[PDB]
Amino acid sequence: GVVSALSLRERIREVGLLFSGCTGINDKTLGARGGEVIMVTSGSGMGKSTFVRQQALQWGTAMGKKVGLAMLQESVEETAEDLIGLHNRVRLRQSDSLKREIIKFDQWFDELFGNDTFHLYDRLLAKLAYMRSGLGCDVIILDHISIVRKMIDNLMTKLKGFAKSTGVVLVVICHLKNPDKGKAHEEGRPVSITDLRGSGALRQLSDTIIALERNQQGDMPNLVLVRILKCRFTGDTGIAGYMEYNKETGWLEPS
Amino acid sequence: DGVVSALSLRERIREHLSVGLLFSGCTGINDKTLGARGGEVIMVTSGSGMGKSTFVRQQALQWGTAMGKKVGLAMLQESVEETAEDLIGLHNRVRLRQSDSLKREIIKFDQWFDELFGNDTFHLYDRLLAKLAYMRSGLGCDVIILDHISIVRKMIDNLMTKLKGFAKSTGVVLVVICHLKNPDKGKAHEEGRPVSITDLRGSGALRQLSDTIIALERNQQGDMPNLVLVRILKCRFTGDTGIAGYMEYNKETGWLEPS
Amino acid sequence: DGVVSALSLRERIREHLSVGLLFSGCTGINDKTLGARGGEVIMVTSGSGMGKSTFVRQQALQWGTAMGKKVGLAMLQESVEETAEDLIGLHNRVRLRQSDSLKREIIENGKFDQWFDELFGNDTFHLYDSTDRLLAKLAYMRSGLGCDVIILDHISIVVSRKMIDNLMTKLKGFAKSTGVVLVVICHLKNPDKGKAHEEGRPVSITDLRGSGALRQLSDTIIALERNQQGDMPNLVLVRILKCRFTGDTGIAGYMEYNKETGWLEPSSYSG
Amino acid sequence: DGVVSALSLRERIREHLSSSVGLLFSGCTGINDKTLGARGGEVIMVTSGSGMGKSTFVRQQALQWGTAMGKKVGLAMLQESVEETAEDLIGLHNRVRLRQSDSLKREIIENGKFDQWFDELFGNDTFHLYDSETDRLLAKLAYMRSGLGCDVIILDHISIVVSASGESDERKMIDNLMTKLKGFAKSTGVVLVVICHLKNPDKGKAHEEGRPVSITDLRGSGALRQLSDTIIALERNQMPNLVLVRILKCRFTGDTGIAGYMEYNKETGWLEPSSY
Amino acid sequence: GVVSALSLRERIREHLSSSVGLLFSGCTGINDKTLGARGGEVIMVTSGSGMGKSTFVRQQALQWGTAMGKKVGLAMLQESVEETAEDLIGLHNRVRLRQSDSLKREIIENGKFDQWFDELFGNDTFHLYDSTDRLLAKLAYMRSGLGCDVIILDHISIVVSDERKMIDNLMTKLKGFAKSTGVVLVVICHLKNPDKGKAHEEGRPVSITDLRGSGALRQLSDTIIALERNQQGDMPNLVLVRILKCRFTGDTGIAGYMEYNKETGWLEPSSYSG
Amino acid sequence: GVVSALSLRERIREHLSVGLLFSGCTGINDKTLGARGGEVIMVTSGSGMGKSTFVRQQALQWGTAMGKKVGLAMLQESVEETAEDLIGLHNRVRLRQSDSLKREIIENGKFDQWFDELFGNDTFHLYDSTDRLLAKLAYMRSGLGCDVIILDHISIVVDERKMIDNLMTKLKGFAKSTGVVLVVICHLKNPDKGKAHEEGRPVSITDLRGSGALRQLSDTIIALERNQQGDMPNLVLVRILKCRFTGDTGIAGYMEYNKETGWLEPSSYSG
DNA sequence: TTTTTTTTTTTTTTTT
Ligand SMILES: Cc1cn([C@H]2C[C@H](O)[C@@H](COP(=O)(O)OP(=O)(O)OP(=O)(O)O)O2)c(=O)[nH]c1=O
Ligand SMILES: Cc1cn([C@H]2C[C@H](O)[C@@H](COP(=O)(O)OP(=O)(O)OP(=O)(O)O)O2)c(=O)[nH]c1=O
Ligand SMILES: Cc1cn([C@H]2C[C@H](O)[C@@H](COP(=O)(O)OP(=O)(O)OP(=O)(O)O)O2)c(=O)[nH]c1=O
Ligand SMILES: Cc1cn([C@H]2C[C@H](O)[C@@H](COP(=O)(O)OP(=O)(O)OP(=O)(O)O)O2)c(=O)[nH]c1=O
Ligand SMILES: Cc1cn([C@H]2C[C@H](O)[C@@H](COP(=O)(O)OP(=O)(O)OP(=O)(O)O)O2)c(=O)[nH]c1=O
Ligand SMILES: [Mg+2]
Ligand SMILES: [Mg+2]
Ligand SMILES: [Mg+2]
Ligand SMILES: [Mg+2]
Ligand SMILES: [Mg+2]
C-alpha cells in the first residue's frame, strides 16, 4: 500500500520457465512460475493457439517437461501435424503435395515424439488431475473455456484451488468482448483489462494477462505487438515488443 | 479415460494425411483461402440486397454439376419452387423469373429440367438439428447451406456451439448466412462502406466459432452498382485476408463473372 | 420428415410458373421494379408530412377501379370516415375534405349517393376500425374476404427491439403463407448532422426507426422526397432503394401534386 | 370484429361531412389561411426557444376561444400555478398588465373593480383550470372531456411530465405518452394543443437570437413531429418584439412556410398583426 | 384534482394582496427590468470560471439578510463553513479579512471579534449548511422547520456527481421545491468551453446557450443573470451584467456597470459609459 | 446537518489561530499568498517543459527545509527513479545522465551520507505505481499525518469527460474539510493553428485538455512557458491563470534553467 | 441475485 522512505535503504543500491520469441516477456514478467494461471487474451485469428502451440513445442523439447494439451478447438491429429510442421520449419498442413511427398514421415515423427512428453486430449477437472498425478505434467494448456456468471466463477475458483493444491504451470486462453464504439481490436486498438467475456473473475483470479494486437485489414498483417496487462510478481506491464510470423516457416520471431 | 499420448498416434495421423472444393467467380478466393475444406463453418455476411443468396446459389449450382457432390439446401428466406426456377434460369443462361414472355414461351421445360435434375444431387427443405442430421446420414450430403440464421444471446450461442459440435462430429462442409449490424455514424454498407468484423448481429460468438468470413460490398445507389468487391476477413488455415477480386453481374444473363 | 428431392418436383414447378399490379404516376417505377407481386412486403418512407398516405391512397384508388381486386385498408393513424371522404374526393377529381363550401353543396343536390356507389358500389374496399388481435383481423381479411392488397398505414404505433423483430418475422410468414400483397408504411429517424429530410435531403437505407429489421425482411423500399420550404414543394422525387426481384435502383421520376385536384402526376423534369 | 365494409358505411359519411370544422386562430391572418383553424381530433403544437412567447400567444388564443366562441377551454398549465394563470387572463382581457404593476393591483383591491372584472370574464363556465406519475393526468383530462365537457384542452410544458417520472430510457416514455395522448384525442374528438420545447443547436446562432428553426429541432424524441397534425413555430430576435410565424407541417392542407408577422405590445400584452 | 374557475374568487384576491419583489444590490440596472425576486422564483447566476459568481451572490445574501430582515439560508459547497463565515464578517466590516494575517491576528486580541460577531449574528437571520435525496430533504427542513425565506445554493455540479437525465431530474425537483412553497431559490452553475473564438475569462460576451449540463437548465429557470469581466484587459475590475432571460418582465440585455473595490471587497455601482 | 449561525461562537475563533510559501521565485508569493489547507493547485506547461522538475524542486524545498511531510504519487516513473532524482537534485548533480557519476559515489562510501540526510527525518513518503488511489491517499493523510500531497500525470488515471469530472469532484471533496495541500500535474491541449507550446505560445485558461472542469474546481492555476527552440532555451516564465483567493493573473517573474546541477534559479530577465 | 448484443436522443471533446 503505502511505502515509507525508511525501507529504501539498500533497494536504491539495487525465475522458472522461459518464453520463446518476443524476448521482452521473460525480461519483463520473469517467465512463468509454478502454480500460476496465465491468460492469453486476443481477438479472432490473432494467433493465440499458434503462440501457445509454439510455447508447448519449446517446453517439450528444450525443457523436457511433461506437457498436457486441451485442444477443444480442433482435432488431435491436426494439432500434431502442426507441431511436426512447425518443428520441421516447413508449413505442413497448408501445402498439399508435400503431405503425400513425405510419406521419412516416421523420421519426422519419432524425432519429436520419441519420449512420453506430450499428452493430448480429445469431468475435465478429473482428467486434468489424472494428467497431473499419474503423468507428472508441469505445463497444462487449455485453449477454449467458453463452452466449459455463477458456473463460470465456480469453475474459476475450482481451477484456482486445483492450481494451489498442485503447483503446476497453467495456461488458459479466453476471448475478448465486442467493442461497442470505434474500431475493433483486430484493426489497431489496444486491449484493455475490461475487455473480457463471461464474467469479471478472469482479471481477478489470474496472475498475468498477455495480449496480441495486429492490423489484420492493413498493409502488414504479420507484425504483432505484445502487451502485458497484469503481473502480480513484477508490476512491469505495457509494450513488450514486435514479432513477425515468417509465413514460410510459421515460427513467431522477434525483430 | 480420454487421454491420448503422442506416442501411440502414428496410425491415426497416417490415415489422416492420406484443398477441397473450389469457389467459382473472382478466382482470387481459392488463390487466397484455397477454397473450401471439410468440417468447416463458413460465414457469408453482407447487407440487404448485396447479393448473398445470388452468390451462394451460383456456388450451389457450380458444386452440383461439375462436382456431383450431394448438396442439401435450407432456403428459409423464400420458397422451394422459386429457388429451383432460379437455378434453372442460371444454368440456362437466361434471366427466367423476370421475363414473363419466355416463361410461357418455353412451355422444352422437361429438356431444361432433366439436364440439371437427372441425378440425386440436390435435397431441399420446406428439430432443425435432427433434420440436418437426417440430411447428413440418410442422404450423403457433403455441402449443407443455411440461408438465414437470425430467425432461428444464449439462444444464439448454444445454437452455434451445437452446430459446431455437429460439424466436428460429421466432417461436412457447412455454409451459414447472417446479416450485418446497424451502423451508427457515417455512411452505410449499401453505399460503399467497408465491413469490419464487428458488424455481426446477435452476439460476438459468430466471429469466434467460425472458420472464414466472406463479405461483399457494392455502391448500390451509385453510377455502376453491378461491380461487387469481395473481402476475406478471417482464415484459420492461411491467414491471407483482404480484398480478393471483383465480379460483374452481367444483367442480361445473371452469371457473376470476374472482370 | 421435411426433405424434398429435386427429382420429385417436376409438377409443382410447372403449376407455379403457369409483372403484377402496376403503379400509377411516375412511370419509371413499373419500368424499373415491374410492379408488385404476390407475397411481398413493401416499405414506403418519407419525412413527416411529406405524403406517404397521399401516395398510397392513389394506389389503393387505382387498384380498386382499373384492377377490380379486393383491397383491405388498415388506417391505424386515422378514422375510416375521413379516409373514405378522401377516397371519394380523389376519385371525383374534386378536393373534398379541404373545401367546406362544397361538402354542404353536394349533400343537398342529391348527387352524394351518386358519387357513393360510383366507387363503393362493388365489394372492393374493406376498412379497419381500431398485436395478436391485429394479426387475427388481417387473417380474417385474407381468408374471410379474399383480399389481394392489404395496406398498413403506420407500424410505429403497433409497438406499445425483439418485439419488432418477432412482429416483422410474423408478418413476413403471414404474407408468404397466404401469398397476399402486403404494403407497410413507416417513418424515418432524426438525422444527426446536416439538413433534415423535409428540405430535400436524400434518404439512405439506414434511416429506419425501431431497428434494422425493416430492410432485412422487406422486398422493396420506395422513398419520396420534396423540398418543403423551397422554391416549390410540388415537384417530388421517387427513389427505389432495394429490390430483390429486379435489382435496379435509383431515381425513378418526378411528379407534381396538382393542388386544385390532388393527383400525383408525372411531369417533365430532367435535372 | 372490426372489418367494416365500405358499402355499409353510407349514412355515417352523410352525418360526417354535413357537420366539427373551423375554430380559427387570432393575432394573424395568414395562420388561418393555411392551417384552416383547429379541428376536433387533431394535435396542434406550438414551439419557440426559451422565453420567446410560446405561452403568451397561447393564453391570448385561450382568451378568444373561451369568450367570443363559447367553447369550454381547459388550461393544463404546469409552468405556473392556478393563482397566476387565472390572474393574467383578467389583465389581458382588460387590456392591461395586472401582475407587472403593484399600483393597479391595490387600486382594484380598493375601489371594488376586481369583482366587476372577475364576474364579467367568468360569468359563464368556460375556463377550467388544473393545478400541479403520468397516469392520473390522463384520467383528469378524461374527466375534463367526459364530466366537464371541455371543447379545447391546452397542455403546456410536456417536458415536466417526462422528467419528473422515473424512467431509464426517455425515448420510449415520450413515444408511449405521445401515442396514448393521440389515441385520447382521436377517441374523444377534442381540440388538443400540446406545447413542447426546442433543443440545443450544434453550432451557429442560438434560437433566442434569430435562428430560423427547422422541424428536427424538437427536444426529446422524434415522436413529436410524427404524430402531430399541425406544427407552428414562433421566431423573434432580441425590433425586439417583431415575432414571425412558421408553419412547419400541415397534414390537412399543404401550404407551409412563413405565415406572417406579429408584434407584441409591451403595454397591453396582445399579439397585434403587423405590417412589415 | 381539477378545479373550476369560479371557485377561485376567494384565492385570486388572496394572492392579490400578499409576492413582493426583493431588490438586488450593487447595481440599480438589474432592478429596473426584473423588479426583484418573488416567492417561487429560480434565478440562475453565471459567469466564467473565476469571474465573480460567489462574491456577488455572497453580497446579495449579505444585503438581503442584515438590512431587509429576510431569513437567508446558504448551502455553500465550494468552501467550508468557517471560511464563508469569516468572509461574511469581513465583507460586512468593509475590509478584506481572510487575505490579511495581521488583521486576523489583531482582531482576536483587542476583543472586537465579538463586536463584529454579535452585530451580525444577534438577530439570527442567517443559516448555513455543512457538507441527492437527502440534500432536498435538508433543504425542506431548512424551509419548513427553520422558516427561511431565500435559499441559496452554490456549485450545482457536485449534486449531479448519464448527467443530462440526472440534472434534468434535479432541476425538476428544485423547481417543484420552489413553486407552491413561496421560497426564493438561487442556483449557481458554470459555463462550457467555447468552440472557437476567445475565452469568456478574457472578455468574450456570453450568450444564452453556454449553460453546461443540459438545455433543461434555461427552460426551468425564471430569470438568468450573467456576469463578465476582462481580467487580462486594461480595467480588470469593471464587470458587466447581462440579463439573458426574464419570464416576468421580458426585457433582456445589458443592465449596467459595476466597479470592484480591492481594499473593501464591496463591488459598487460604477459610472462607465460604453 | 444544518448548523445555525449561533453555534459558531468558538469555531470561527478556532479558525483564526498559514500559507506555505512558494520557493524558487518571489514573484509568485506577491500575488498568491502561499497555499492554505484545502488549496488545489494545478501546475502545467508544454510537452516536457519541466513540470516534473519544478514540482520535484518545490517538494524538495517544502520537505527538508520547512519541516513538512511530503507525499508523492509520481506515476510517470517508479519509486527508485524519483528517489534517485530527489537525491541527485539535493546534492546538485545530474545523476541519471552519466554512468561514472553513479559509480563514483558508491565506491567511496558517501552514498549512505546522502540517504540519511534526506529520508532520515521521515519528512518524505512515496507511492508505488481509480477509486483505489483515494483510499490509499486517505490512509496517507490520516494514518501517516502528511501535509503536502502531489499527484502527477492524471492521464493514467483517466468518453474522457465523465471520468475526469468524477475524479476531480472526488479529489475536491477529499481536499475540502481536511487541511491538506494537494498539487495536481496535468497537460495542455494540442495547438490547432499558430505556433506550438515548445516555442512560447501565450497560454490561455481554456487549454486544459480532457474537460472544462479542471479550471472550475482548481484553486490556483500555474502555467510555465519555455522557448527551447528560440534564442534562450534555459529561460522559463511563470504565469498565474486563476486565483480564487486574490484574483491577480499574469506574469509572476522570470527564472533561469541550469544544465549543471539540475536546479533552476530565480532570474531577473527584462521584457 | 450476474455478464453480453440492438437501438433512438441529448451533451461535452477528440486526432492525423
Ligand atoms: C497471428 C497470425 C496468424 N496468421 C494466420 C496463420 C494462422 O494459422 C491463422 C490463425 O491463427 P491461429 O493462431 O490459428 O488463431 P486461433 O486458433 O488462436 O483463433 P480463435 O481461437 O479465436 O478461433 O492466421 C497470420 O497470417 N499472421 C499472423 O500474425
Ligand atoms: C449481387 C447483385 C445483385 N443485383 C440485383 C439482382 C439480384 O436478383 C438482386 C438481389 O440479389 P440477392 O442475392 O437476392 O440479395 P441478398 O440475398 O443479399 O439480400 P436480402 O436477402 O437481404 O434480401 O439485386 C445486381 O444488380 N448486381 C449485383 O451485383
Ligand atoms: C405528396 C404531397 C403532399 N402534399 C400535401 C397536400 C396534402 O393535403 C398533405 C397530406 O400529406 P400526408 O399524406 O398526410 O403526409 P404523411 O402521411 O406522409 O405525413 P404524416 O407522417 O404526418 O402522416 O400533403 C403536397 O402539397 N405536395 C405533395 O407533393
Ligand atoms: C413575445 C414577447 C414576449 N415578451 C415578454 C412577455 C412576457 O412577460 C414574457 C414571455 O413570457 P412566457 O411566454 O411565459 O415565456 P416562454 O413560454 O416563451 O418560455 P418558457 O416558459 O419556456 O420559460 O416576455 C416581450 O417582451 N417581447 C415579446 O416579443
Ligand atoms: C468580483 C471580482 C473578484 N476578484 C477576486 C476576488 C474574488 O474572491 C476572486 C474570484 O473568486 P469568486 O468570487 O469566488 O468567483 P467564481 O465563483 O466565478 O469562481 P469559482 O467558481 O472558482 O469559485 O477574485 C477579481 O479579481 N475581480 C473581480 O471583479
Ligand atoms: Mg484458437
Ligand atoms: Mg437472401
Ligand atoms: Mg400518414
Ligand atoms: Mg412559458
Ligand atoms: Mg465561486
# chains A, B, ... in the order shown; residues from 1 in each chain; ligands from 1

call {"tool": "closest_atom_pairs", "arguments": {"of": "chain D", "to": "ligand 9", "cutoff": "7 Å", "atoms": "only C-alpha atoms and all ligand atoms", "output": "tab-separated table"}}
result
residue	atom	partner	partner_atom_place_in_ligand_line	distance
D:51	CA	ligand 9	1 (Mg)	6.5
D:53	CA	ligand 9	1 (Mg)	6.7
D:54	CA	ligand 9	1 (Mg)	5.9
D:55	CA	ligand 9	1 (Mg)	4.4
D:79	CA	ligand 9	1 (Mg)	6.5

call {"tool": "residues_around", "arguments": {"residues": "range 241-255 of chain D", "least_positions_apart": "5", "cutoff": "6 Å", "atoms": "only C-alpha atoms (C1' of nucleotides)", "output": "count of residues only"}}
result
15

call {"tool": "select_by_dssp", "arguments": {"residues": "range 9-247 of chain E", "states": "strand (DSSP E or B)", "output": "ChimeraX atom specification"}}
result
/E:41-46,72-75,126-129,150-153,184-188,191,211,223-228,238-246

call {"tool": "residues_around", "arguments": {"residues": "range 137-151 of chain A", "least_positions_apart": "2", "cutoff": "7 Å", "atoms": "only C-alpha atoms (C1' of nucleotides)", "output": "list in words"}}
result
residues 49, 65, 66, 67, 68, 69, 70, 71, 72, 73, 131, 132, 135, 153, 154, 155, 168, 169, 170, 171, 172, 173, 174, 198 and 199 of chain A; 2 and 3 of chain G

call {"tool": "residues_around", "arguments": {"residues": "residue 74 in chain D", "least_positions_apart": "5", "cutoff": "6 Å", "atoms": "only C-alpha atoms (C1' of nucleotides)", "output": "ChimeraX atom specification"}}
result
/D:127-129,153

call {"tool": "atom_distance", "arguments": {"atom1": "atom 26 (O, counted along the ligand's line) of ligand 5", "atom2": "CA of residue 209 in chain F"}}
result
24.6 Å

call {"tool": "residues_near_ligand", "arguments": {"ligand": "ligand 7", "cutoff": "7 Å", "atoms": "only C-alpha atoms (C1' of nucleotides) and all ligand atoms", "output": "list in words"}}
result
residues 52, 53, 77 and 147 of chain B

call {"tool": "decode", "arguments": {"residues": "range 173-224 of chain C", "atoms": "C-alpha atoms", "output": "PDB file, in the first residue's frame"}}
result
ATOM      1  CA  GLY C 173     -44.505 -15.514 -42.604  1.00  0.00           C
ATOM      2  CA  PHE C 174     -48.152 -14.483 -42.983  1.00  0.00           C
ATOM      3  CA  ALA C 175     -47.578 -12.710 -46.308  1.00  0.00           C
ATOM      4  CA  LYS C 176     -45.647 -15.704 -47.632  1.00  0.00           C
ATOM      5  CA  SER C 177     -48.070 -18.371 -46.371  1.00  0.00           C
ATOM      6  CA  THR C 178     -51.116 -16.614 -47.811  1.00  0.00           C
ATOM      7  CA  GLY C 179     -49.323 -15.018 -50.763  1.00  0.00           C
ATOM      8  CA  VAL C 180     -51.155 -11.717 -50.300  1.00  0.00           C
ATOM      9  CA  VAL C 181     -49.605  -8.441 -51.450  1.00  0.00           C
ATOM     10  CA  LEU C 182     -48.775  -6.562 -48.246  1.00  0.00           C
ATOM     11  CA  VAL C 183     -47.737  -2.899 -48.035  1.00  0.00           C
ATOM     12  CA  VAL C 184     -46.338  -1.447 -44.789  1.00  0.00           C
ATOM     13  CA  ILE C 185     -45.662   2.257 -44.200  1.00  0.00           C
ATOM     14  CA  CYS C 186     -43.122   3.545 -41.657  1.00  0.00           C
ATOM     15  CA  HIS C 187     -41.342   6.839 -40.967  1.00  0.00           C
ATOM     16  CA  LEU C 188     -37.694   7.917 -40.838  1.00  0.00           C
ATOM     17  CA  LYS C 189     -35.346   8.620 -37.898  1.00  0.00           C
ATOM     18  CA  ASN C 190     -33.924  12.036 -36.843  1.00  0.00           C
ATOM     19  CA  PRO C 191     -30.633  12.684 -38.760  1.00  0.00           C
ATOM     20  CA  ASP C 192     -27.760  13.851 -36.590  1.00  0.00           C
ATOM     21  CA  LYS C 193     -25.745  16.149 -38.876  1.00  0.00           C
ATOM     22  CA  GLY C 194     -26.656  18.222 -41.910  1.00  0.00           C
ATOM     23  CA  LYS C 195     -30.094  19.219 -43.145  1.00  0.00           C
ATOM     24  CA  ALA C 196     -33.372  17.469 -42.380  1.00  0.00           C
ATOM     25  CA  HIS C 197     -35.157  15.122 -44.775  1.00  0.00           C
ATOM     26  CA  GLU C 198     -38.065  17.545 -45.257  1.00  0.00           C
ATOM     27  CA  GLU C 199     -35.958  20.108 -47.176  1.00  0.00           C
ATOM     28  CA  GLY C 200     -34.764  17.720 -49.873  1.00  0.00           C
ATOM     29  CA  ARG C 201     -32.112  15.587 -48.197  1.00  0.00           C
ATOM     30  CA  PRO C 202     -31.813  12.202 -49.950  1.00  0.00           C
ATOM     31  CA  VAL C 203     -32.750   9.209 -47.832  1.00  0.00           C
ATOM     32  CA  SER C 204     -30.346   6.334 -47.191  1.00  0.00           C
ATOM     33  CA  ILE C 205     -31.337   2.810 -46.197  1.00  0.00           C
ATOM     34  CA  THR C 206     -30.037   3.246 -42.632  1.00  0.00           C
ATOM     35  CA  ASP C 207     -32.789   5.773 -41.816  1.00  0.00           C
ATOM     36  CA  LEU C 208     -35.416   3.375 -40.464  1.00  0.00           C
ATOM     37  CA  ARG C 209     -36.656   3.581 -36.891  1.00  0.00           C
ATOM     38  CA  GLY C 210     -37.302   0.807 -34.412  1.00  0.00           C
ATOM     39  CA  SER C 211     -34.473  -1.474 -35.521  1.00  0.00           C
ATOM     40  CA  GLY C 212     -32.674  -2.500 -38.690  1.00  0.00           C
ATOM     41  CA  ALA C 213     -35.115  -5.322 -39.388  1.00  0.00           C
ATOM     42  CA  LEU C 214     -37.277  -3.126 -41.631  1.00  0.00           C
ATOM     43  CA  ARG C 215     -34.814  -3.551 -44.517  1.00  0.00           C
ATOM     44  CA  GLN C 216     -33.612  -7.139 -43.965  1.00  0.00           C
ATOM     45  CA  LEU C 217     -37.056  -8.760 -44.321  1.00  0.00           C
ATOM     46  CA  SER C 218     -38.639  -6.471 -46.934  1.00  0.00           C
ATOM     47  CA  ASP C 219     -38.516  -6.937 -50.686  1.00  0.00           C
ATOM     48  CA  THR C 220     -38.665  -3.331 -51.885  1.00  0.00           C
ATOM     49  CA  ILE C 221     -38.275   0.144 -50.392  1.00  0.00           C
ATOM     50  CA  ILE C 222     -39.669   3.284 -52.033  1.00  0.00           C
ATOM     51  CA  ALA C 223     -38.701   6.687 -50.642  1.00  0.00           C
ATOM     52  CA  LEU C 224     -40.283  10.008 -51.597  1.00  0.00           C
TER      53      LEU C 224
END
